[PDB]
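Take a look at this one chain, the form solved without the partner chain, written out in structure tokens.
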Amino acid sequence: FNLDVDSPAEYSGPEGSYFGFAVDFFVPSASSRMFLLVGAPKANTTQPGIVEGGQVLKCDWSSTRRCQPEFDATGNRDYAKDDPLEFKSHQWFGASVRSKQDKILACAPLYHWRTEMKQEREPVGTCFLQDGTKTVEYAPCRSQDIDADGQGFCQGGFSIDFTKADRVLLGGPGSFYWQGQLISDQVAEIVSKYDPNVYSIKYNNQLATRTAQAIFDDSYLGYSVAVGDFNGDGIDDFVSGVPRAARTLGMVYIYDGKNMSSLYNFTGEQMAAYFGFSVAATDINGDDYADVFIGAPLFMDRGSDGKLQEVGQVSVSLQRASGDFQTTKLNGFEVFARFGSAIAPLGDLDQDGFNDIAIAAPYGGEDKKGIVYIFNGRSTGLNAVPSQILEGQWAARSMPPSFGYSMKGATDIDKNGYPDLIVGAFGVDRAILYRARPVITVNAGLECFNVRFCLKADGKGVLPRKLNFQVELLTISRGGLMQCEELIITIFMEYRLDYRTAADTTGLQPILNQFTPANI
């Protein structure tokens, strides 16, 4: 409820460049700034002889609001004269963009190369890692296991997610006849074992899934990924979505972060509902475990009378100590809205003590401009009803606006004590930023005719020292005791806070709590 709507930060880009397909924050542990990593997988770079390679852009937050991108500045490499090795054109560089400290992992899933043995084209997939002044290329699927039987059509880098111990996890849903694969390698191994002359690098700590039987064919394992603890130790585990899991029902696999064994499995309910289009692991009830959030944007809910209407569905599973899960589903609101498309955790949006989540419908609302829903969790699960509605503001141009398809939260850019949210609308190639306004809680009073009206307030994070209220019966310090006055059937009073004076330099107007009343 605390997200600002009046004055959001906007971020444009090249026309039709899919600016906003991937959005992520850039917090460095080397400076005192916080930038915005936004990917444009259909932009045109200055690489000679490459068309629509794509790029990742850094966008300033406290500046003239400019945006500037250099993971690579070279054309196709040559394997022997008169024939090239790789083809980075239309490679979709920017489909995935992650960050952790000074690390930027940007991947191009539709990257093709000529395997050394034959003369062919295989979407193995490519990635790039930047730890500061050292940028390296990471292509785990560009190995000698070739063709669709191996990792030739791997599409590596389709989905990525960092690990708390720097064990980046890669999902390529086309490896081994599209059964899917997941690959995890250390950041230390990636930078250390990097050459511009060795195409296939075996590393040493390679955690990769192996081929299965033909029953699990065309399952697309690696569509989405997430990191979270599910075995009990300190090592994060890999959660991946398998939308076509052998009956198109959809399954979600949770592996291990150490030896990568099958820990837990979920299964879908409706066929062709894409149970596993997007996953997100966080804590929604503050039990120090990790919950799971599987999106099914194509789920067809049975309507009131007898009809089936596609509204989408997100499954909420709560981890328990014994390992079992408590599952609860919340269905979409609009029809053909793709609710359950980008589930982005937000952390403590209002600092109530429990983390909150954001679920977006990219093609629902007014003129199908996209709407982002905000949910706040309690120590019972999470609230079924939404806490805030966010709406697009740019009408579709040729392409649907697709507002909310890409999102990223749980990061404070203002350093104001509350995290923030970034929303990417690549159809209208726009990126937006919403700042969580500070939250105040007020406890009221009002205990010949003798009446005495009391009030006090407090909050978290950056907040002005004194708040000017306005009370009428028919200056209070933030953190002080009960201040009031006494002056000499129903008696009515209200407190209307003066937001304008309680603002800050940019303005960031504070907001009152949700359950608190104002009339007594």
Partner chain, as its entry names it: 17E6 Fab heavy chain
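Positions refer to the first chain, counted from 1.
The modelled chain is continuous from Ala30 to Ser31, with every intervening residue of the deposited sequence accounted for.
According to the entry, the deposited sequence has 1 to 3 residues without coordinates between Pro69 and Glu70.
Not on display, but discussed next: the form solved in complex with the partner chain.
This chain is displayed without the partner chain, yet in the deposited complex the stretch 139 to 147 from 139 to 147, 344 to 352, 428 to 436, 386 to 394 comes within 4.5 Å of it by heavy atoms. Candidate site formed by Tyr264, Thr328 and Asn331: none of these residues places a non-hydrogen atom within 4.5 angstroms of the partner chain in the deposited complex. By the criterion of a heavy atom within 4.5 Å, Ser200 is counted among the residues contacting the partner chain in the deposited complex. Of the heavy atoms in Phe176, some are within 4.5 Å of the partner chain in the deposited complex.
Taking the partner from the other structure, the partner chain in the deposited complex has a heavy atom within 4.5 Å of a heavy atom of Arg210. Although the partner is absent here, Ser240 lies well away from the partner chain in the deposited complex, with no heavy atom inside 4.5 Å. Site annotation in the deposited complex: the residue of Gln101, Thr135, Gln206, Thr441 reaching within 4.5 Å of the partner chain with a heavy atom is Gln206. The listed set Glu116, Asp166, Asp131, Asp287 contains one residue whose heavy atoms approach the partner chain in the deposited complex to within 4.5 Å, identified as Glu116. If you take 18 to 35 and check each residue for a heavy atom within 4.5 Å of the partner chain in the deposited complex, you get nothing at all.
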